[PDB]
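Below, each chain spelled out in residue letters.
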Amino acid sequence: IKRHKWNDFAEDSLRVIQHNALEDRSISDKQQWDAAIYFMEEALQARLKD
Amino acid sequence: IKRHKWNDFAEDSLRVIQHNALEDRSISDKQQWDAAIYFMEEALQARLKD
Amino acid sequence: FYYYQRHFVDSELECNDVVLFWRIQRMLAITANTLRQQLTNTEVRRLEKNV
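Residues numbered from 1 in each chain as written, not as in the entry; some residues may be left out. Chains lettered and ligands numbered in written order. Part of a larger assembly, values for the part shown. Heavy atoms only, no water.

Judging from the entry metadata, cryo-EM is the method by which this structure was determined, and 4.8 Å is the reported resolution.

Right, here's the structure in full:
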C-alpha cells in the first residue's frame, strides 16, 4: 500500500472526459427522466431525514 | 467555406474519447443486445444485396 | 417530460433541477465505468510489479 502510486495522467485525462459528459443538456430518454426523478427523491429524502 | 478551419485539438481529444468508449466489453442491457442484432442484420442485408 | 419534449420554455414548469441531477447521474455512470476499466487494466500491472 505504501509503494502504491496511481497514474498521474489519469487525472488530467478524466478531467476532460467528465467535462464533456456534463456539458450535454438534452435528455432523449423518457426512462432517464424518470430515473433522475427517483434519484433526486432518494437524495432529498436522506437530507430531509437529517 | 474556404476560410473555415476546424479546431486542431478536437482530433487529439476525440482519439482518446472513442478509444476508451470502445475498450468496454460488457453489455449490461438486454435491449442493447437486441439493438446490436438488428443493426447487424441491416448492415448484413445491405452487403448481401450487393 | 412531455412539455420538455416540445421545448416549452414559456411554460413555468422549468424542471432545471431534474436536468441537472440527470447530468450528475449520467456523469457518475460514465465515471464508474471508466474507473472500473482503469482498475481492471491500468493498475493491475503496477500491483503485480510492487508485489
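From this point, things continue past the structure.
Visitor: How should the overall build of chain C be read in this particular structure?
Guide: Along chain C, the regular secondary structure elements total 2 helices and 0 strands. For 51 residues, the compact-globule estimate of 2.2 N^0.38 gives 10 Å, and the C-alpha radius of gyration of chain C, at 20 Å, exceeds that figure by more than 25%. Over its C-alpha atoms, taken along the principal directions, chain C stretches across nearly 60 × 15 × 10 Å. Entry remark: accessible area of chain C is about 4100 Å², with carbon and sulfur atoms responsible for 59%. Counting 7 positive and 6 negative side-chain charges, chain C places the centres of these two groups 16 Å from one another. (Helix = DSSP H or I, 4+ residues; strand = E, 2+ residues; numbered from the N terminus. Rg over C-alpha atoms; globule rule 2.2 N^0.38 Å. Areas by Shrake-Rupley, 256 points an atom, 1.4 Å probe, with all protein chains shown as cover. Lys, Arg positive; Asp, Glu negative; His and termini not counted. Charge placed at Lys NZ, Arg CZ, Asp CG, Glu CD.)

Visitor: Is there a simple way to think about the relation of the copies chain B and chain A in this case?
Guide: Two chain copies here: they are related by a rotation about an axis and a translation along the same axis. When chain B is fitted to chain A, the residual RMSD is 0.0 Å, and the transformation amounts to a turn of 180° plus an axial shift of 0.2 Å. Considering both components of the superposition, the chain copies are consistent with a two-fold axis. When C-alpha distances to the rotation axis are compared across chain B, the minimum falls at B:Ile17, with a value of 3.6 Å. Most of the interface of chain B is mirrored in chain A, where 100% of its interface residues are also at the interface. (Least-squares fit on C-alpha atoms. Contact = heavy atoms within 4.5 Å.)

Visitor: I'm lost on the pattern of salt bridges in this one. Help?
Guide: Two side chains that carry opposite charge are able to pair once their charged atoms sit near each other. Residues and elements named next belong to chain A. In the structure shown here, the tally under the stated rule is 3 salt bridges over all chains. Between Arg15 and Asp12 there is a salt bridge, with the nearest N and O atoms lying 3.6 Å from each other. Here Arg15 pairs with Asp12, and both are found in helix α1 (residues 9-22), just 3 residues apart, close to one helical turn. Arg15 sits in the exposed class, given a relative accessible area of 56%. (Salt bridge = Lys/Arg side-chain N within 4 Å of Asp/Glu carboxyl O. Buried < 20%, exposed > 50% of the residue type's maximum accessible area, 1.4 Å probe, protein only.)

Visitor: Is there a simple way to explain the interface of chain C and chain A in this structure?
Guide: Taken together, the contacts link 21 residues of chain C with 25 residues of chain A. A per-residue breakdown of the area chain C buries against chain A is headed by C:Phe1, C:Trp22 and C:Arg23, which together make up 27% of the total. Linking chain C to chain A there are 1 salt bridge. Where A:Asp24 meets C:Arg26, a salt bridge forms, and the shortest distance between an N and an O atom there is 3.2 Å. Across the chain C-chain A interface, the total number found is 10 residue pairs in polar contact. Considering each element in turn, the side of chain C that touches chain A owes the most residues, 18 residues, to helix α2 (residues 16-50) of chain C. Here the side of chain C that touches chain A is built from residues that sort into 11 nonpolar, 5 polar and 5 charged. (Buried area = accessible area lost by both parts, 1.4 Å probe. Polar contact = N/O pair within 3.5 Å; in protein donor to acceptor, adjacent residues only side chain to side chain. Nonpolar A, V, L, I, M, F, W, Y, C, P; charged D, E, K, R; others polar.)

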